[PDB]
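Given as structure tokens, the chain that follows is alone and in the form deposited in one PDB entry.
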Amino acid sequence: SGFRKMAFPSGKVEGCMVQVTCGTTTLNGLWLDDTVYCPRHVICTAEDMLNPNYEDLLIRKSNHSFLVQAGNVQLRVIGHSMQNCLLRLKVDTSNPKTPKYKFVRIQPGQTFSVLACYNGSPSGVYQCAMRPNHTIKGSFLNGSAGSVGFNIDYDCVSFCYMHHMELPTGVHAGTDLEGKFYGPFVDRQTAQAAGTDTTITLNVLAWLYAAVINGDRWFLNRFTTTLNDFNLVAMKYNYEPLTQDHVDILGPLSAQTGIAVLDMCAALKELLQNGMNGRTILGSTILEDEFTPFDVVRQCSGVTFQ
């Protein structure tokens, strides 16, 4: 019984992947019901990207200007239309494998499963988090745009992200399924760059509990800090604000390990004092920011004595 950075079974999402090829551009598209979603820049060429006018461009393209194929059999496009940075294509046969779904907009800190695909087929699946700077540290290559990110709540695929491009530092930016980017990022070829990404406090703590849970509290002390004595030390360091909503959330882990969020945060200010080796924390010389409370709670189901 150990911690693992897991992902939801990509099974359901795969039954929604297809290949959308336009011109000399081929990427991916999510096929839900009689609709097929793909990043709109599919209808562009390296040149168009310098100053794309998607509205006018898309106009120069009809229903069978987009060759979509579910596996080896191609689908019939019965109408095209634009929605922000996506492209809603209609089809003659709604997806018979469409599962209970829904579109959400994840926030920074939150995690999700990404099913990378190429030419409409799956390569692998991995987990990751929507960093505080609105970027993602996924693993994408050309032909990867069009891939989705999700979370499955009891037989329900909550789609939250759809890949597009890759930033200067090797990180990734994409949009929600409605078609709006997760940042100040525009899908055109202009000078852009990820803003200085910090660290997720809430998950750095979840990690901290997972640690205690599984052993080691050398980073613990009778040290008690206020809800404003930690947050000052916060902006100094990369770690973000520990709102009152994080407190509550850290509640369940709190009650379990018998430790108080305040005394936990206080244990952290002493890590921004060193926190070197000597005993480390589950190996990691640093601090894991992409393991959410829910995740730790999830894995390693412990009890709470009352």
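Residues carry their position along the shown sequence, with the first being 1. Just so we're on the same page, rigid core means the largest C-alpha set that superposes within 1.5 Å between forms.
What comes next is about the form deposited in another entry, which does not appear here.
A.B. asks: Have a look at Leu67, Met49, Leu57, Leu272 and give me the residue whose C-alpha moves 2 Å or more between the shown form and the other one, with the fit done on the rigid core.
C.D. replies: The residue that shifts is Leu272.
A.B. asks: Under a superposition restricted to the rigid core, does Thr257 display a Cα displacement of 2 angstroms or more between the shown form and the other one?
C.D. replies: Yes.
A.B. asks: Given a core-based superposition, decide whether the C-alpha of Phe223 shifts by 2 Å or more between the shown form and the other one.
C.D. replies: Comparing forms between the shown form and the other one, the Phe223 CA shifts at least 2 Å.
A.B. asks: Once the core is superposed between the shown form and the other one, does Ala234 show a C-alpha displacement of at least 2 Å?
C.D. replies: After core superposition, the displacement of the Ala234 C-alpha between the shown form and the other one reaches the 2 Å mark, so yes.
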